[PDB]
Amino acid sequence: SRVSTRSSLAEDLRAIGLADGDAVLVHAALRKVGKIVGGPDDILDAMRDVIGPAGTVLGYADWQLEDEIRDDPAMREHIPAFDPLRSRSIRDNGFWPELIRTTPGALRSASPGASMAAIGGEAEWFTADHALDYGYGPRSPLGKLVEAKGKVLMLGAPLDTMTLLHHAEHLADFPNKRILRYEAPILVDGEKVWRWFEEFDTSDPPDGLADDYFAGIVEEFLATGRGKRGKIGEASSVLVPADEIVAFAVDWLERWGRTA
């Protein structure tokens, strides 16, 4: 029953381990933060204060389509193509990625289901050259987050929502990786075109692992004492080094596959 301020939130974020200049991909359950004087926008502004204008805040936008094509052909000519400036974020990811995407100055990646919204000094870099096929691999904001030794913050969100770990699935050498194939409308030369996509499946867990297996891995990684826990506002949170948990999750997966 405490209220948070732009000012109060900056202190929590510094305590959790966020500092000057780094890139943080944020997953959030905003109601967990409790009351905020200026709403959730106070959070983004708190963050940007802490990391400074060279830091970058990321969100997982995804897109809103709903497999409508598969749900209904002959609904095909009525589906607006994916437009990184105009396609609104998937609602399942909560308000946060839409908060960012609609904040002035923000930018948004090209690969439609894997699309990220970013804001700050390197927003351009992170949203540039997002590959259309295998958009969870090396040529994506996720792969870039690893190269820049960025961070992931679970802002009250459930721990099996850490999208970064899909990058690990892509990288890890294990047997029988499911492949997803689907066709979706996008823009080519200013016009709407339908295009066939190819990627590892991220919508389903592989080989009988539970749907929430991402959570156990984050949990395990935190036990090693190289993550950090803390409260932001009223929300229990987790801040984690991007490159250290990817490499960690790749070994978890690589062993599980062998072990079978």
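Don't overthink the numbering: it's just position in the shown sequence, from 1.
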(request) Mind pulling up the entry and telling me whether 204 to 212 or 188 to 196 has the higher mean Cα temperature factor? (result) 204 to 212
(request) Compare the mean C-alpha B-factor of 122 to 130 with that of 74 to 82 as given in the PDB entry, and name the stretch with the higher value. (result) 74 to 82
(request) Using the temperature factors in the entry, find which of 65, 30, 57, 43 has the highest value at its Cα atom. (result) 65
(request) Quick one: which of 115, 103, 161, 176 shows the highest Cα temperature factor in the PDB entry? (result) 176
(message) Looking at the temperature factor on the CA atom of residue 259, which third of the chain's modelled residues does it land in?
(response) highest
(request) Pull the Cα B-factor of residue 1 out of the PDB entry and bin it into the chain's lowest, middle or highest third. (result) highest
(message) Among the modelled residues of this chain, does the Cα B factor of residue 140 put it in the lowest, middle or highest third?
(response) highest
(message) Ranking every modelled residue in this chain by its Cα temperature factor as given in the entry, which third contains residue 92?
(response) middle
(request) Classify residue 108 as lowest, middle or highest third according to the C-alpha B-factor given in the PDB entry, relative to its own chain. (result) lowest
